[PDB]
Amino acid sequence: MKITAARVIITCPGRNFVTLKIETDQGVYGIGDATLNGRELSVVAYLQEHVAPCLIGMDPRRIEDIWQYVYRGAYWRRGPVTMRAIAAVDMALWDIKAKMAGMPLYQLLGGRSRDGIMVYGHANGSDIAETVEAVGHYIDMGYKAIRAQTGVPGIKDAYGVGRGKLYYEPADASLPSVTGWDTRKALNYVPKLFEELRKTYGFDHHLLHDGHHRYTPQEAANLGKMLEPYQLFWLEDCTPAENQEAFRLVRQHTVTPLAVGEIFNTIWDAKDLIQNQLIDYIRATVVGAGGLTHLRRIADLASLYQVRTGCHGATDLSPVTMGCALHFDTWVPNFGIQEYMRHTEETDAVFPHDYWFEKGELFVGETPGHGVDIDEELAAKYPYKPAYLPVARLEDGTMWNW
């Protein structure tokens, strides 16, 4: 059999989503997510103008060969745009293979290792009081894990605050919004949030915090130690990690669990963080890090050091990615947790899927393939609309890490 077409579909049912649909001369087709928040059209071009033309005529059953073809063949390796394109192709090909096998994707990966998939929700407030209230709401709904983010007095638009209740939509403008930041103000406030959360709700629930690249290694170590009494599930992306040695000082000084990786796109971005045992959870995703084919390798390397998966799951990852992520989560032995930000009703309608949520857990269905599809007619009713992620600047104007 052969690939007859590899079409890119763009839609904005609440926010932008890019999808690749690989069609065959056999009839069966597969789809994959290619969404890169804030730079969506670069992937559209990468696929439409370069990768797709090469796929025509190839044998879609050869997932590994095609992955290697697009990865090595690009010559210029790795990268956000590059790997999003490769991930889209990979997801679509596994979708096709699962459909042809007549089994839901997780069965092809090795079968079910668990029943439900534990997730964490997103509690945010303008201050500690409001954030505490927010966590209680998730506890009431039956969530086992909750991420808590609070605004900080004196800081403009702290990460994860004021852009949704059951979700967080950062890309809020036609041009990047500028947010503020001050480390000292945050170091003096954040620990108090978790102190209050434990005083109010006890220690039964898993509590998470996203440091969102704001701290230096020493500052992350400082914050990590200050958070130890509160037993967090994890302190995420505490410091920029292009330099994988960045987590060394943090790991040496605190026992607060560490997580990182949502912005990683290849195993090469995390091999040292994993092998040097600097993290507890790897956050790489199916769409961000080259599909099931590559994410499997990242998860396996992590398993050697008891590092677990903690897949990123914000709204900018389409339901196609969540479907693939849940099949992955259902099988992977070293599963840790799955981030779950709820999509809009319009998004769910455009991307019919076989996965549901109940009492703090996500469940993948038994539909052959990854269980997700795209209603092209409905998708066409929501035109693309430019939306950027914010940028952060220190009080003196210094460009920082949002």
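All residue numbers are counted from 1 along the displayed sequence.
- Mean C-alpha B-factor is higher over 181-189 than over the other stretch, the pair under comparison being 216-224 and 181-189.
- Looking at mean Cα B-factors across 18-26 and 386-394, the upper value is held by 18-26.
- Of all the options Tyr71, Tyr281, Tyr159, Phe233, the entry's greatest CA B-factor is assigned to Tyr159.
- Ranking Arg84, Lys199, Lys271, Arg296 by Cα temperature factor from the entry places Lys199 first.
- Among the modelled residues of the chain, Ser318 sits in the middle third by CA temperature factor in this PDB entry.
- Remark: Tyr138 belongs to the middle third of its chain, ranked by C-alpha B-factor as recorded.
- Remark: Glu377 belongs to the highest third of its chain, ranked by C-alpha B-factor as recorded.
- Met399: CA B factor lies in the lowest third for its chain, per the PDB record.
- Per the PDB record, residue ranking by Cα B-factor puts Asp33 in the middle third of the chain.
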